[PDB]
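Q: Residue numbers (the authors' numbering), protein chains in the order written: chain J, 34 to 150; chain H, 34 to 150; chain G, 21 to 198; chain I, 21 to 148.
What follows is a single structure, and I will ask about it in a moment.
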Amino acid sequence: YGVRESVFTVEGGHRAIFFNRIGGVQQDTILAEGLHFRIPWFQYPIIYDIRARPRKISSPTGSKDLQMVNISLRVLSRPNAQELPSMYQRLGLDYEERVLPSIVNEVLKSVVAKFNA
Amino acid sequence: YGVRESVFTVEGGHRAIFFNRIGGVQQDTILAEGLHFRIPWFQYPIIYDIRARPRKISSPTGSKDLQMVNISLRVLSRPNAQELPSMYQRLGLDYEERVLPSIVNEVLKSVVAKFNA
Amino acid sequence: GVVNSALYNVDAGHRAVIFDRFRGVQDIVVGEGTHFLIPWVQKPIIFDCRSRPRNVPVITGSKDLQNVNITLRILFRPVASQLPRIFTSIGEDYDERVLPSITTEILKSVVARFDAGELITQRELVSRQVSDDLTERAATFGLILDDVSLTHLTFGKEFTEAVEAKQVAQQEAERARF
Amino acid sequence: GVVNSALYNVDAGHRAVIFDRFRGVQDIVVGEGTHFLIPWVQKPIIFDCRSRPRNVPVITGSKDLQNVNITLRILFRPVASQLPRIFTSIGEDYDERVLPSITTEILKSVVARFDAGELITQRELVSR
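Take a look at the structure:
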């Protein structure tokens, strides 16, 4: 626990916070790999630098009576350098199956409802 | 032990008619949510789990037509805590499930026969 | 008995009725006060009664001799002191094999007042009728009639045929149109 | 972890509604922090406010539809300040008892409002 939780040198350059929730200021910053050290218990590990994962989200949809067609929209999901301070509190767990499905799908519905393609 | 022999603690969502079976009548002593006096040797708790309890009931019902169709209601319900002794004297600590099929089967059927449902 | 020899400790809300085996059954209204309990099985037996449901239908013909079955959700609460007063017959949990006769008499008189369809389109009317008939006979049993439901209507395959055929007639109107 | 106990080590959403044992609820609800929770003046009734994406399907009709299949994803949290009330009125659940009450009733009425083609036309306005 404690020792490894405090270690923050770690070979690499990844963006991740060890957020001191007991006083919520740190939230908007990160620890860069190559540091050391932070409080194992009061501070909590959140991954900001999330790699560009190619998530394909697909959905059939139509317009008025126009036949339903399936849009294939793949998302690369770039790293969240300064987006996790809110994302982790809101979602915490991987957004890829929590809010990103709506972020894509609801838009897809608007797309074909307009009639394209 | 002795603590339980003199008092009873409910964290929430539960009542108990501390009804004196042995030497007197104490049914008015309804467990207030939390710590409340009762002596099990003489005074027996009739415990009611008064939380928002669901129950989906399905039944074919009538209409302004000869057609009957299956309509269903997810009965969320709470026993009326402050009147537990009354119902306890009438129907007892199972009415929360036994009275509902006498209730909903006419709530629905009356309403749906008045409409064309 | 032993722990309740000279004592009884009235179980109000559970109505333990004392059956004076020493003299047959109690002629005293239980539990109107602490009662002496004779070792020769003059002892209380819990008859709380309490939600006592019986959801029973009765096969009967209708105004047009249709096979109507309505599961009367019968619900009795025996009158607090009267059931102890019924010691000449059933001081115990009033025999639920006797009670369904209330429906075999009443529901048979109730069916053919509405022929099926009238109930389908008008529930409350017949529901109140049957609840009043049941209430009168519940008084004859010495029981409090609780909300009895007129429900789960089986009425006639000729009517279900007629209503599906009614929709067929409408479907044919539109089908022939197009 | 030894320190994880006693000291309430906790991340996003795990709102340990703090109760005494028992007269009522303590003035505060905590789910992001680290402090002691002694279950006599501090009972840790954790409601995980971490958002809950529930895609609830509904098969229904409309003003003229008979067979339309409509799935609704609701992402939600519970209100922290109302978690004490929830605890005494619903329990440790803030969903599953009431999840259908915020999907089924609404969608049945909403789809009844719209019709063949207007569900399709309105989209985000049906969702509105």
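Don't be surprised by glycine CBs; every beta carbon is placed ideally from N, CA and C.
1. How about H/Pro134: is its C-beta nearer than 8 Å to some C-beta of chain G?
2. Measuring CB to CB, does G/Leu173 end up less than 8 Å from G/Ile122?
3. Do the CB positions of G/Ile65 and G/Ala36 come within less than 8 Å of each other?
4. Going straight from the alpha carbon of I/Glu125 to that of G/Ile38, what length do you get?
5. Would you mind telling me which residues of chain I sit closer than 7 Å to H/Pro93, beta carbon to beta carbon, in chain order?
6. Using a Cβ-Cβ cut-off of 7 Å (strictly less than) and excluding sequence neighbours within five positions of J/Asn113, which residues of its own chain qualify?
7. For G/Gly53, is the classification buried or exposed, using 16 other Cβ atoms within 10 angstroms of its Cβ as the cut-off for buried?
8. In terms of residue numbering, what span does the beta strand (DSSP E) encompassing H/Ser105 cover?
9. Mind listing the chain I neighbours of H/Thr62? Cutoff is C-beta to C-beta under 9 Å, in chain order.
10. Does the region 120-129 of chain J come within contact of the region 60-77 of chain I, defined as at least 3 CB pairs closer than 8 Å?
11. Determine which residues of the region 73-99 of chain H have a Cβ less than 7 Å from any Cβ of chain I, and write them out in chain order.
12. How long is the line joining the alpha carbons of G/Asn75 and H/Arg48, rounded to whole angstroms?
13. List, in chain order, every chain G residue whose beta-carbon is nearer than 8 Å to that of H/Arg131.
14. Pairing CB atoms from the region 93-111 of chain J with CB atoms from the region 39-57 of chain H, are three or more of them under 8 Å?
15. Would H/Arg107 count as contacting chain I if we go by Cβ distances under 8 Å?
16. With H, G and I counted as helix, E and B as strand and the rest as coil, what does DSSP make of G/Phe39?
17. So, does the CB of I/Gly53 fall closer than 8 Å to a CB anywhere in chain J?
18. Could you tell me if the beta carbon of G/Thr108 falls within a distance shorter than 7 Å of some heavy atom in the ligand SAM?
19. Quick check: the region 153-172 of chain G against the region 90-106 of chain G, are there 3 or more CB pairs under 8 Å?
20. Name the chain I residues whose beta carbon is nearer than 8 Å to that of H/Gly46?
21. Within 10 angstroms of its Cβ, does G/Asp84 collect 16 or more other Cβ (buried), or is it exposed?
22. List, in order along the chain, the chain H residues whose C-beta lies closer than 9 Å to that of I/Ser82?
23. Our contact map puts H/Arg86 next to H/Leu133 with C-beta atoms below 8 Å; I'd like the distance itself, whole angstroms only.
24. Rounded to the nearest angstrom, what separates J/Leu106 and I/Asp40 at their Cα positions?
25. Quick check: the region 108-121 of chain I against the region 133-147 of chain I, are at least 3 beta-carbon pairs closer than 8 Å?
26. According to DSSP, is H/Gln76 part of a helix, a strand, or is it coil?
27. State buried or exposed for H/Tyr34, treating a residue as buried only when at least 16 other CB atoms are found within 10 Å of its CB.
28. Looking at chain H, which residues of the region 121-152 of chain G have a Cβ within less than 9 Å of any of its Cβ atoms?
29. Whole angstroms is fine: what's the gap from G/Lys63's alpha carbon to H/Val40's?
30. DSSP puts I/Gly53 in a beta bridge; with which residues?
31. Kindly list the residues whose CB is nearer than 7 Å to the CB of I/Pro59, restricted to its own chain and excluding five residues on each side of it in sequence; keep chain order.
32. Tell me, please, which residues DSSP counts as bridged to H/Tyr81.
33. Could you tell me the alpha carbon to alpha carbon distance between I/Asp31 and I/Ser101, rounded to whole angstroms?
34. Tell me, which residues are paired with J/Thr62 by DSSP?
35. Can you tell me which of the three DSSP states J/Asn138 falls into?
36. Below 7 Å on C-beta distance, what does I/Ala32 contact in chain J?
A: In terms of the structure at hand:
1. Counted from its first residue, the second sequence places residue 134 of chain H at position 101. Chain G contact via Cβ: present.
2. For the purposes of this step, residue 173 of chain G is taken as residue 153 along the third sequence, with counting starting at 1. For the purposes of this step, residue 122 of chain G is taken as residue 102 along the third sequence, with counting starting at 1. No.
3. As a working mapping, residue 65 of chain G is identified with position 45 in the third sequence. As a working mapping, residue 36 of chain G is identified with position 16 in the third sequence. Cβ distance < 8 Å, so G/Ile65 and G/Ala36 count as in contact.
4. Mapped onto the fourth sequence, residue 125 of chain I falls at position 105. Mapped onto the third sequence, residue 38 of chain G falls at position 18. Whole-angstrom Cα-Cα distance: 51 Å.
5. Residue numbering aside, residue 93 of chain H sits at position 60 when the second sequence is read from its first letter. The contacting residues do not exist; H/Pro93 stays about 18 Å from chain I at best.
6. Within the first sequence, numbered from 1, the residue matching residue 113 of chain J stands at position 80. Within the same chain, J/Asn113 has close Cβ partners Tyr81, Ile83 and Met120.
7. Residue 53 of chain G sits at position 33 when you count from the first residue of the third sequence. Its Cβ having fewer than 16 others within 10 Å, G/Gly53 is exposed.
8. Counted from its first residue, the second sequence places residue 105 of chain H at position 72. It spans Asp98 to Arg107 - the beta strand (DSSP E) in which H/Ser105 sits, taken as one unbroken run.
9. Here residue 62 of chain H refers to the residue found at position 29 of the second sequence. Result: empty, since nearest Cβ-Cβ is about 17 Å, beyond 9 Å.
10. yes
11. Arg84, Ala85 and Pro87
12. For the purposes of this step, residue 75 of chain G is identified with residue 55 of the third sequence, where counting begins at 1. For the purposes of this step, residue 48 of chain H is identified with residue 15 of the second sequence, where counting begins at 1. Between G/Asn75 and H/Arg48, the C-alpha separation is close to 30 Å.
13. The residue labelled residue 131 of chain H in the question sits at position 98 within the second sequence. Simply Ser71, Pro73 and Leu95.
14. no
15. Position 74 of the second sequence, counting from 1, holds the residue named residue 107 of chain H. H/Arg107 counts as touching chain I.
16. For the purposes of this step, residue 39 of chain G is taken as the residue at position 19 of the third sequence. Reduced to three states, the DSSP call for G/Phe39 is strand.
17. Your numbering for residue 53 of chain I matches position 33 in the fourth sequence. So, interface residue.
18. Absent from the structure shown: the ligand SAM. Ligands present: none.
19. yes
20. Counting from one through the second sequence, the residue named residue 46 of chain H turns up at place 13. Residues of chain I passing the Cβ test: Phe107, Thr108, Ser109, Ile110 and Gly111.
21. Here residue 84 of chain G is taken as the residue at index 64 of the third sequence, counted from 1. G/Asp84 is exposed by the Cβ-count criterion.
22. Against the fourth sequence, residue 82 of chain I aligns to sequence position 62. Those within 9 Å of I/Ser82 in chain H number zero; the least Cβ separation is about 15 Å.
23. Stepping through the second sequence from its first residue, residue 86 of chain H is reached at position 53. Stepping through the second sequence from its first residue, residue 133 of chain H is reached at position 100. Contact doesn't hold; Cβ gap of about 10 Å is too wide.
24. Residue mapping note: residue 106 of chain J aligns to position 73 of the first sequence, counting from 1. Residue mapping note: residue 40 of chain I aligns to position 20 of the fourth sequence, counting from 1. Looking at the two C-alpha atoms, the distance is approximately 51 Å.
25. no
26. Translated into positions along the second sequence, residue 76 of chain H becomes position 43. Strand at H/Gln76.
27. Taking the second sequence and counting its residues from 1, one reaches residue 34 of chain H at position 1. H/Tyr34 comes out exposed.
28. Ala136, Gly137, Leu139, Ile140, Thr141, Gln142, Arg143, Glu144 and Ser147
29. Position 43 of the third sequence holds residue 63 of chain G. Position 7 of the second sequence holds residue 40 of chain H. Spanning the two alpha carbons is a distance of roughly 31 Å.
30. Residue mapping note: residue 53 of chain I aligns to position 33 of the fourth sequence, counting from 1. For I/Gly53, which the question treats as bridged, DSSP gives the partners I/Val30.
31. Counted from its first residue, the fourth sequence places residue 59 of chain I at position 39. These residues qualify, in order along the chain: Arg41.
32. Along the second sequence, one-based indexing puts residue 81 of chain H at 48. Note: H/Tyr81 sits in a beta bridge opposite H/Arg48.
33. As a working mapping, residue 31 of chain I is identified with position 11 in the fourth sequence. As a working mapping, residue 101 of chain I is identified with position 81 in the fourth sequence. Going from the Cα of I/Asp31 to the Cα of I/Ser101 covers about 18 Å.
34. Residue mapping note: residue 62 of chain J aligns to position 29 of the first sequence, counting from 1. For J/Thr62, which the question treats as bridged, DSSP gives no partner whatsoever.
35. In the first sequence, counting from the first residue as 1, residue 138 of chain J sits at position 105. Helix.
36. Numbered from its first residue, the fourth sequence carries residue 32 of chain I at position 12. By Cβ distance, chain J contributes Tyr121, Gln122 and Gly125.
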